[PDB]
>>> print(open('data00.cif').read())   # mmCIF, C-alpha atoms and all ligand atoms
data_start
#
loop_
_atom_site.label_atom_id
_atom_site.label_comp_id
_atom_site.auth_asym_id
_atom_site.auth_seq_id
_atom_site.Cartn_x
_atom_site.Cartn_y
_atom_site.Cartn_z
CA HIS V 8 142.65 74.64 144.02
CA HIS V 9 140.15 71.98 142.73
CA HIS V 10 137.48 74.46 141.34
CA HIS V 11 138.12 73.56 137.61
CA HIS V 12 134.97 71.29 137.50
CA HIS V 13 132.71 74.43 138.01
CA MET V 14 134.06 75.77 134.65
CA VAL V 15 131.50 77.91 132.73
CA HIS V 16 131.82 79.13 129.10
CA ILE V 17 131.79 82.95 129.28
CA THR V 18 131.13 85.18 126.22
CA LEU V 19 131.32 88.98 126.05
CA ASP V 20 128.19 91.17 125.68
CA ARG V 21 128.94 93.68 122.80
CA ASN V 22 126.05 95.95 123.92
CA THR V 23 127.78 96.70 127.29
CA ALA V 24 131.21 97.46 125.77
CA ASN V 25 132.80 100.89 125.79
CA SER V 26 132.62 102.23 122.19
CA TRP V 27 136.45 101.92 121.67
CA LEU V 28 136.54 98.18 122.39
CA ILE V 29 137.02 95.50 119.68
CA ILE V 30 135.47 92.10 120.57
CA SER V 31 136.44 89.02 118.51
CA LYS V 32 133.87 87.13 116.38
CA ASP V 33 133.77 84.24 118.95
CA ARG V 34 133.03 86.88 121.74
CA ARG V 35 135.99 85.40 123.76
CA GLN V 36 138.63 88.19 123.27
CA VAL V 37 138.58 91.99 123.73
CA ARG V 38 141.13 94.76 123.15
CA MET V 39 141.35 98.58 123.13
CA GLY V 40 141.04 100.10 119.64
CA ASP V 41 142.96 103.26 118.69
CA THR V 42 139.62 105.11 117.96
CA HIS V 43 135.76 104.93 118.38
CA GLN V 44 134.62 101.62 116.81
CA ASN V 45 131.57 103.10 114.98
CA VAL V 46 128.77 101.72 117.21
CA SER V 47 125.64 103.64 118.40
CA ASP V 48 125.52 104.75 122.05
CA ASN V 49 123.13 103.05 124.53
CA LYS V 50 122.42 103.16 128.29
CA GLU V 51 124.31 99.81 128.90
CA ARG V 52 127.75 100.97 127.56
CA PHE V 53 130.50 101.86 130.03
CA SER V 54 131.28 105.48 128.92
CA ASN V 55 134.46 106.53 130.87
CA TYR V 56 136.63 103.37 130.94
CA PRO V 57 137.47 100.45 128.58
CA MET V 58 135.05 98.03 130.32
CA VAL V 59 132.70 95.25 129.12
CA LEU V 60 130.52 92.58 130.82
CA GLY V 61 130.04 88.88 130.13
CA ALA V 62 126.60 87.95 128.74
CA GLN V 63 126.07 85.31 131.47
CA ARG V 64 124.11 86.22 134.67
CA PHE V 65 124.62 84.19 137.88
CA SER V 66 122.20 84.19 140.88
CA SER V 67 123.17 80.81 142.52
CA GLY V 68 125.81 78.04 142.49
CA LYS V 69 129.53 77.80 141.94
CA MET V 70 131.20 79.19 138.76
CA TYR V 71 134.84 79.20 137.55
CA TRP V 72 136.53 80.75 134.48
CA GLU V 73 140.08 81.78 133.36
CA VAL V 74 141.39 84.89 131.63
CA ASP V 75 144.70 85.42 129.75
CA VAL V 76 146.47 88.76 130.65
CA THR V 77 149.79 88.06 128.80
CA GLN V 78 151.96 91.17 128.24
CA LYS V 79 149.41 93.68 129.60
CA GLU V 80 150.51 96.59 131.82
CA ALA V 81 147.03 97.42 133.21
CA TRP V 82 143.67 95.59 133.59
CA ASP V 83 140.96 94.76 136.09
CA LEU V 84 139.05 91.46 136.35
CA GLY V 85 136.31 89.97 138.45
CA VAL V 86 132.49 90.14 138.81
CA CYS V 87 129.97 92.85 139.36
CA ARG V 88 126.27 93.43 140.01
CA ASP V 89 124.07 93.62 136.92
CA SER V 90 122.90 97.06 138.33
CA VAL V 91 126.38 98.79 138.45
CA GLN V 92 126.70 102.41 137.25
CA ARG V 93 127.72 102.58 133.53
CA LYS V 94 128.16 106.38 133.04
CA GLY V 95 130.65 108.81 134.56
CA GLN V 96 133.46 108.25 137.12
CA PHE V 97 133.37 105.62 139.89
CA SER V 98 135.79 103.45 141.94
CA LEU V 99 135.84 99.63 141.65
CA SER V 100 134.67 98.67 145.20
CA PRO V 101 132.17 96.26 146.80
CA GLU V 102 130.17 99.35 147.93
CA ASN V 103 129.68 100.18 144.18
CA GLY V 104 128.93 96.51 143.29
CA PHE V 105 132.36 95.24 142.08
CA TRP V 106 134.52 92.33 143.34
CA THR V 107 137.75 92.75 141.36
CA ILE V 108 141.58 92.71 141.30
CA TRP V 109 143.79 94.81 139.06
CA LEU V 110 147.30 95.43 137.73
CA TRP V 111 148.35 99.09 137.64
CA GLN V 112 151.85 100.69 137.56
CA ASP V 113 153.72 97.46 138.29
CA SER V 114 151.58 96.56 141.42
CA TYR V 115 148.66 94.15 141.89
CA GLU V 116 145.78 95.35 144.17
CA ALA V 117 142.33 94.07 145.24
CA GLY V 118 139.46 96.54 144.57
CA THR V 119 138.50 97.13 148.22
CA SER V 120 137.87 100.68 149.54
CA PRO V 121 140.58 101.67 150.09
CA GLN V 122 142.46 99.17 147.81
CA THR V 123 144.53 96.29 149.22
CA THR V 124 148.11 95.42 148.23
CA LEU V 125 148.47 91.88 146.73
CA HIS V 126 151.65 89.78 147.26
CA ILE V 127 152.39 87.93 144.00
CA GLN V 128 155.90 86.38 143.49
CA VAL V 129 155.23 85.06 139.91
CA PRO V 130 153.53 87.71 137.67
CA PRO V 131 150.48 85.90 136.27
CA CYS V 132 149.82 85.34 132.57
CA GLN V 133 146.41 83.67 133.32
CA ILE V 134 143.98 84.37 136.22
CA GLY V 135 141.32 81.94 137.57
CA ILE V 136 138.08 83.49 139.00
CA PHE V 137 135.87 81.44 141.33
CA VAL V 138 132.41 82.62 142.54
CA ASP V 139 130.44 80.79 145.27
CA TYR V 140 127.09 82.66 145.26
CA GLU V 141 125.58 80.98 148.33
CA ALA V 142 128.77 81.34 150.43
CA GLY V 143 129.31 85.04 149.41
CA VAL V 144 132.87 84.34 148.11
CA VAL V 145 134.91 85.55 145.10
CA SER V 146 138.44 84.14 144.80
CA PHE V 147 141.31 84.73 142.37
CA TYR V 148 144.02 82.20 141.48
CA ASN V 149 147.44 82.51 139.74
CA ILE V 150 147.29 79.80 136.98
CA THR V 151 150.96 80.52 135.99
CA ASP V 152 152.05 79.62 139.61
CA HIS V 153 150.25 76.20 139.94
CA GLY V 154 146.89 77.80 140.92
CA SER V 155 148.20 79.68 144.04
CA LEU V 156 145.65 81.94 145.80
CA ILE V 157 145.86 85.66 145.01
CA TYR V 158 142.86 87.04 146.96
CA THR V 159 139.50 86.06 148.50
CA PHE V 160 136.56 88.44 149.06
CA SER V 161 134.36 86.90 151.72
CA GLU V 162 131.14 88.13 153.37
CA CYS V 163 130.21 89.48 149.93
CA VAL V 164 126.83 91.21 149.74
CA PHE V 165 126.09 90.58 146.00
CA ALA V 166 122.61 92.12 146.30
CA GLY V 167 121.71 91.11 142.73
CA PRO V 168 122.58 88.89 139.77
CA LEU V 169 126.34 88.86 138.98
CA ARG V 170 128.05 89.34 135.62
CA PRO V 171 131.68 88.62 134.66
CA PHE V 172 133.52 91.97 134.58
CA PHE V 173 136.50 93.06 132.36
CA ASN V 174 138.61 96.21 131.97
CA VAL V 175 141.35 96.05 129.26
CA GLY V 176 142.82 99.38 130.58
CA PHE V 177 143.90 102.46 128.66
CA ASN V 178 146.86 102.43 126.32
CA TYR V 179 148.43 105.87 126.93
CA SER V 180 151.90 104.17 127.15
CA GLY V 181 151.71 102.19 123.87
CA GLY V 182 152.59 99.09 125.95
CA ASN V 183 149.04 97.96 126.87
CA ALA V 184 147.41 97.13 123.48
CA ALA V 185 147.25 93.35 124.09
CA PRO V 186 143.83 91.70 124.53
CA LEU V 187 142.12 89.99 127.45
CA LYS V 188 141.26 86.45 126.30
CA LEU V 189 138.84 83.92 127.87
CA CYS V 190 140.83 80.63 128.04
CA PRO V 191 139.37 77.32 126.90
CA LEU V 192 137.99 74.70 129.33
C1 LIG V 201 144.39 106.20 137.99
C2 LIG V 201 143.37 105.11 137.72
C3 LIG V 201 142.65 105.30 136.40
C4 LIG V 201 141.93 104.06 135.93
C5 LIG V 201 142.51 103.24 135.01
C6 LIG V 201 141.89 102.04 134.53
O1 LIG V 201 142.31 101.23 133.73
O2 LIG V 201 140.65 101.75 135.05
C7 LIG V 201 140.04 102.53 136.00
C8 LIG V 201 138.82 102.07 136.42
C9 LIG V 201 138.12 102.81 137.35
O3 LIG V 201 136.92 102.20 137.74
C10 LIG V 201 135.87 102.87 138.18
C11 LIG V 201 135.24 103.57 137.05
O4 LIG V 201 135.45 102.76 139.29
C12 LIG V 201 138.67 103.98 137.89
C13 LIG V 201 139.90 104.41 137.44
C14 LIG V 201 140.64 103.69 136.48
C1 LIG V 202 143.20 99.34 136.12
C2 LIG V 202 142.26 99.73 137.25
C3 LIG V 202 142.97 100.58 138.28
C4 LIG V 202 142.17 101.34 139.31
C5 LIG V 202 140.83 101.19 139.46
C6 LIG V 202 140.07 101.91 140.44
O1 LIG V 202 138.88 101.84 140.67
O2 LIG V 202 140.76 102.79 141.24
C7 LIG V 202 142.11 102.98 141.13
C8 LIG V 202 142.66 103.89 142.02
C9 LIG V 202 144.02 104.12 141.96
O3 LIG V 202 144.63 105.05 142.83
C10 LIG V 202 145.32 106.08 142.27
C11 LIG V 202 146.73 106.10 142.75
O4 LIG V 202 144.83 106.82 141.48
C12 LIG V 202 144.81 103.44 141.03
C13 LIG V 202 144.23 102.55 140.16
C14 LIG V 202 142.86 102.26 140.20
#
>>> encode(input="data00.cif", output="structure tokens", more="lines below")
Ligand SMILES: CCCc1cc(=O)oc2cc(OC(C)=O)ccc12
Ligand SMILES: CCCc1cc(=O)oc2cc(OC(C)=O)ccc12
Amino acid sequence: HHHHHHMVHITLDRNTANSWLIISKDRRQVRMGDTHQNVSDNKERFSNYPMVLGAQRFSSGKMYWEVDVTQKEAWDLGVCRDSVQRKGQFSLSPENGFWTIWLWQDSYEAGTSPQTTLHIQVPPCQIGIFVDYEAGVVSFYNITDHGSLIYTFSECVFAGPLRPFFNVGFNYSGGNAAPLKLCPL
């Protein structure tokens, strides 16, 4: 791909984070803590899953960023509506306002309803996310494999401002403690 020139500097929004998450001082890295991180509750926080939003809101244009997923067993990445449900149980689907991919139990899937199997030959250590607001497109790229396409959502009905979306996943196994990291431009 040649989307690198739409690079945007994303930072994480602490106020949206699940109360177990630990966000770095530079707001570029997030990981699962082993306990509640001693923050007050608020209506923005994702309550049921280890999720957080980027601070940036996008309503037009073309945007690109990259995320490091090295040594994780489970995660989900993409964008979502600013208006997504924060409390209780929900599925990651375009009907619920999410355009995402995930790793779970040794398989990669796109967050459609029902979910779609992804075909990845080189397990990625870094993911590129491209959003074209006007075109209604969200695309995912395998940076480890020379930028190869992973998945494109087209005919997207955003229906609102978009925010970068992150899920570091649970760490029931003891093998998923590693952070998600926003990679430098
Ligand atoms: C068996 C799957 C459990 C699960 C694991 C995980 O890391 O993230 C999730 C995110 C979910 O997103 C929503 C709230 O729609 C739903 C379920 C999960
Ligand atoms: C890490 C995020 C994974 C996830 C998110 C979601 O919204 O729905 C799921 C549904 C799944 O199906 C089963 C077999 O439970 C499995 C995994 C997910």
>>> residues_around(input="data00.cif", residues="region 115-122 of chain V", least_positions_apart="2", cutoff="10 Å", atoms="only C-alpha atoms", output="ChimeraX atom specification")
/V:81-85,98-103,105-113,124-127,130,147,157-160
>>> write_last_selection(input="data00.cif", atoms="C-alpha atoms", output="PDB file, keeping the file's coordinate frame")
ATOM      1  CA  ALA V  81     147.030  97.420 133.210  1.00  0.00           C
ATOM      2  CA  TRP V  82     143.670  95.590 133.590  1.00  0.00           C
ATOM      3  CA  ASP V  83     140.960  94.760 136.090  1.00  0.00           C
ATOM      4  CA  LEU V  84     139.050  91.460 136.350  1.00  0.00           C
ATOM      5  CA  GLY V  85     136.310  89.970 138.450  1.00  0.00           C
ATOM      6  CA  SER V  98     135.790 103.450 141.940  1.00  0.00           C
ATOM      7  CA  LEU V  99     135.840  99.630 141.650  1.00  0.00           C
ATOM      8  CA  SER V 100     134.670  98.670 145.200  1.00  0.00           C
ATOM      9  CA  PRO V 101     132.170  96.260 146.800  1.00  0.00           C
ATOM     10  CA  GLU V 102     130.170  99.350 147.930  1.00  0.00           C
ATOM     11  CA  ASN V 103     129.680 100.180 144.180  1.00  0.00           C
ATOM     12  CA  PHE V 105     132.360  95.240 142.080  1.00  0.00           C
ATOM     13  CA  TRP V 106     134.520  92.330 143.340  1.00  0.00           C
ATOM     14  CA  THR V 107     137.750  92.750 141.360  1.00  0.00           C
ATOM     15  CA  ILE V 108     141.580  92.710 141.300  1.00  0.00           C
ATOM     16  CA  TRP V 109     143.790  94.810 139.060  1.00  0.00           C
ATOM     17  CA  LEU V 110     147.300  95.430 137.730  1.00  0.00           C
ATOM     18  CA  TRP V 111     148.350  99.090 137.640  1.00  0.00           C
ATOM     19  CA  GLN V 112     151.850 100.690 137.560  1.00  0.00           C
ATOM     20  CA  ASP V 113     153.720  97.460 138.290  1.00  0.00           C
ATOM     21  CA  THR V 124     148.110  95.420 148.230  1.00  0.00           C
ATOM     22  CA  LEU V 125     148.470  91.880 146.730  1.00  0.00           C
ATOM     23  CA  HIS V 126     151.650  89.780 147.260  1.00  0.00           C
ATOM     24  CA  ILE V 127     152.390  87.930 144.000  1.00  0.00           C
ATOM     25  CA  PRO V 130     153.530  87.710 137.670  1.00  0.00           C
ATOM     26  CA  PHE V 147     141.310  84.730 142.370  1.00  0.00           C
ATOM     27  CA  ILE V 157     145.860  85.660 145.010  1.00  0.00           C
ATOM     28  CA  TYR V 158     142.860  87.040 146.960  1.00  0.00           C
ATOM     29  CA  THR V 159     139.500  86.060 148.500  1.00  0.00           C
ATOM     30  CA  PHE V 160     136.560  88.440 149.060  1.00  0.00           C
TER      31      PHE V 160
END
>>> closest_residue(input="data00.cif", among="V:70, V:142, V:76, V:91", to="residue 104 (chain V)", atoms="all atoms listed in the file")
V:91
>>> atom_distance(input="data00.cif", atom1="CA of residue 176 (chain V)", atom2="atom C9 of ligand LIG 202 (chain V)")
12.4 Å
>>> residues_around(input="data00.cif", residues="residue 153 (chain V)", least_positions_apart="6", cutoff="12 Å", atoms="only C-alpha atoms", output="VMD selection string")
chain V and resid 8 to 9 129 131 to 135
>>> residues_around(input="data00.cif", residues="residue 22 (chain V)", least_positions_apart="4", cutoff="10 Å", atoms="only C-alpha atoms", output="PyMOL selection string")
chain V and resi 26+46-53+59-60+62
>>> atom_distance(input="data00.cif", atom1="CA of residue 171 (chain V)", atom2="atom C5 of ligand LIG 202 (chain V)")
16.3 Å
>>> atom_distance(input="data00.cif", atom1="CA of residue 150 (chain V)", atom2="CA of residue 78 (chain V)")
15.1 Å
>>> decode(input="data00.cif", residues="region 31-60 of chain V", atoms="N, CA, C and O atoms", output="mmCIF file, in the first residue's frame")
data_model
loop_
_atom_site.group_PDB
_atom_site.id
_atom_site.type_symbol
_atom_site.label_atom_id
_atom_site.label_comp_id
_atom_site.auth_asym_id
_atom_site.auth_seq_id
_atom_site.Cartn_x
_atom_site.Cartn_y
_atom_site.Cartn_z
ATOM 1 N N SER V 31 0.570 4.191 29.281
ATOM 2 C CA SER V 31 1.885 4.809 29.485
ATOM 3 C C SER V 31 1.728 6.329 29.560
ATOM 4 O O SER V 31 0.756 6.927 29.128
ATOM 5 N N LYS V 32 2.768 6.967 30.137
ATOM 6 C CA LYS V 32 2.810 8.437 30.289
ATOM 7 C C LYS V 32 2.602 9.144 28.941
ATOM 8 O O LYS V 32 1.921 10.163 28.945
ATOM 9 N N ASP V 33 3.229 8.645 27.865
ATOM 10 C CA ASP V 33 3.110 9.275 26.524
ATOM 11 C C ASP V 33 1.743 8.965 25.887
ATOM 12 O O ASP V 33 1.469 9.513 24.812
ATOM 13 N N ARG V 34 0.878 8.161 26.507
ATOM 14 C CA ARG V 34 -0.486 7.818 26.023
ATOM 15 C C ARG V 34 -0.351 7.053 24.691
ATOM 16 O O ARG V 34 -1.327 7.082 23.910
ATOM 17 N N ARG V 35 0.734 6.334 24.454
ATOM 18 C CA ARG V 35 0.947 5.571 23.204
ATOM 19 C C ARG V 35 0.933 4.068 23.449
ATOM 20 O O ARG V 35 0.976 3.310 22.474
ATOM 21 N N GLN V 36 0.913 3.585 24.701
ATOM 22 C CA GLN V 36 0.948 2.140 24.999
ATOM 23 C C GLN V 36 -0.106 1.819 26.064
ATOM 24 O O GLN V 36 -0.431 2.677 26.898
ATOM 25 N N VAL V 37 -0.684 0.634 25.963
ATOM 26 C CA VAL V 37 -1.685 0.169 26.946
ATOM 27 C C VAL V 37 -1.526 -1.338 27.162
ATOM 28 O O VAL V 37 -1.278 -2.087 26.236
ATOM 29 N N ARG V 38 -1.658 -1.746 28.425
ATOM 30 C CA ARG V 38 -1.662 -3.166 28.807
ATOM 31 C C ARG V 38 -2.676 -3.398 29.932
ATOM 32 O O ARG V 38 -3.099 -2.477 30.591
ATOM 33 N N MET V 39 -2.998 -4.682 30.082
ATOM 34 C CA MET V 39 -3.891 -5.234 31.127
ATOM 35 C C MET V 39 -3.116 -5.278 32.452
ATOM 36 O O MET V 39 -2.022 -5.840 32.494
ATOM 37 N N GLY V 40 -3.609 -4.589 33.468
ATOM 38 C CA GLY V 40 -3.062 -4.803 34.823
ATOM 39 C C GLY V 40 -3.613 -6.050 35.462
ATOM 40 O O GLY V 40 -4.507 -6.735 34.926
ATOM 41 N N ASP V 41 -3.003 -6.434 36.590
ATOM 42 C CA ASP V 41 -3.416 -7.701 37.275
ATOM 43 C C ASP V 41 -4.525 -7.368 38.299
ATOM 44 O O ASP V 41 -4.996 -8.290 38.986
ATOM 45 N N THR V 42 -4.969 -6.129 38.381
ATOM 46 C CA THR V 42 -6.012 -5.670 39.351
ATOM 47 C C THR V 42 -6.657 -4.357 38.868
ATOM 48 O O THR V 42 -6.140 -3.653 37.905
ATOM 49 N N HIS V 43 -7.697 -3.865 39.539
ATOM 50 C CA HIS V 43 -8.273 -2.508 39.342
ATOM 51 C C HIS V 43 -7.197 -1.460 39.539
ATOM 52 O O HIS V 43 -6.462 -1.559 40.569
ATOM 53 N N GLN V 44 -7.106 -0.466 38.675
ATOM 54 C CA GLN V 44 -5.982 0.501 38.684
ATOM 55 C C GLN V 44 -6.353 1.774 39.463
ATOM 56 O O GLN V 44 -5.632 2.805 39.351
ATOM 57 N N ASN V 45 -7.356 1.722 40.330
ATOM 58 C CA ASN V 45 -7.565 2.769 41.365
ATOM 59 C C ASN V 45 -8.014 4.084 40.769
ATOM 60 O O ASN V 45 -7.784 5.154 41.340
ATOM 61 N N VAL V 46 -8.816 4.011 39.714
ATOM 62 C CA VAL V 46 -9.501 5.168 39.077
ATOM 63 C C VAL V 46 -10.982 5.192 39.489
ATOM 64 O O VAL V 46 -11.554 4.133 39.734
ATOM 65 N N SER V 47 -11.635 6.363 39.472
ATOM 66 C CA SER V 47 -13.085 6.479 39.663
ATOM 67 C C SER V 47 -13.822 5.954 38.435
ATOM 68 O O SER V 47 -13.246 5.984 37.315
ATOM 69 N N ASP V 48 -15.044 5.502 38.603
ATOM 70 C CA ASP V 48 -15.874 5.044 37.479
ATOM 71 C C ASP V 48 -16.469 6.268 36.793
ATOM 72 O O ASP V 48 -16.588 7.345 37.410
ATOM 73 N N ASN V 49 -16.849 6.117 35.514
ATOM 74 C CA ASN V 49 -17.534 7.199 34.766
ATOM 75 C C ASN V 49 -18.297 6.546 33.622
ATOM 76 O O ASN V 49 -18.117 5.332 33.367
ATOM 77 N N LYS V 50 -19.168 7.292 32.967
ATOM 78 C CA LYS V 50 -20.083 6.716 31.959
ATOM 79 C C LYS V 50 -19.298 6.374 30.665
ATOM 80 O O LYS V 50 -19.873 5.620 29.859
ATOM 81 N N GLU V 51 -18.116 6.933 30.466
ATOM 82 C CA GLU V 51 -17.303 6.663 29.230
ATOM 83 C C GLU V 51 -16.614 5.286 29.322
ATOM 84 O O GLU V 51 -16.298 4.716 28.264
ATOM 85 N N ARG V 52 -16.286 4.768 30.505
ATOM 86 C CA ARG V 52 -15.375 3.603 30.606
ATOM 87 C C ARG V 52 -16.008 2.350 30.083
ATOM 88 O O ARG V 52 -17.149 1.986 30.441
ATOM 89 N N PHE V 53 -15.307 1.573 29.252
ATOM 90 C CA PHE V 53 -15.775 0.237 28.895
ATOM 91 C C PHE V 53 -15.735 -0.656 30.161
ATOM 92 O O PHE V 53 -14.687 -0.833 30.769
ATOM 93 N N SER V 54 -16.853 -1.228 30.574
ATOM 94 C CA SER V 54 -16.961 -1.911 31.892
ATOM 95 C C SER V 54 -16.613 -3.383 31.774
ATOM 96 O O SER V 54 -16.036 -3.916 32.747
ATOM 97 N N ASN V 55 -16.930 -4.098 30.705
ATOM 98 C CA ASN V 55 -16.940 -5.579 30.647
ATOM 99 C C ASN V 55 -15.702 -6.153 29.971
ATOM 100 O O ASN V 55 -15.454 -7.367 30.083
ATOM 101 N N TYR V 56 -14.963 -5.332 29.217
ATOM 102 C CA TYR V 56 -13.821 -5.820 28.419
ATOM 103 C C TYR V 56 -12.663 -4.824 28.520
ATOM 104 O O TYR V 56 -12.845 -3.629 28.799
ATOM 105 N N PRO V 57 -11.410 -5.279 28.260
ATOM 106 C CA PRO V 57 -10.232 -4.432 28.410
ATOM 107 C C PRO V 57 -9.983 -3.482 27.209
ATOM 108 O O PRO V 57 -8.979 -3.576 26.526
ATOM 109 N N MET V 58 -10.933 -2.577 27.016
ATOM 110 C CA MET V 58 -11.045 -1.699 25.840
ATOM 111 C C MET V 58 -10.709 -0.262 26.233
ATOM 112 O O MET V 58 -10.953 0.231 27.354
ATOM 113 N N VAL V 59 -10.265 0.503 25.226
ATOM 114 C CA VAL V 59 -9.962 1.949 25.353
ATOM 115 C C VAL V 59 -10.094 2.585 23.966
ATOM 116 O O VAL V 59 -9.811 1.890 22.935
ATOM 117 N N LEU V 60 -10.410 3.859 23.905
ATOM 118 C CA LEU V 60 -10.462 4.621 22.635
ATOM 119 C C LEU V 60 -9.259 5.532 22.484
ATOM 120 O O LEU V 60 -8.717 6.093 23.508
#
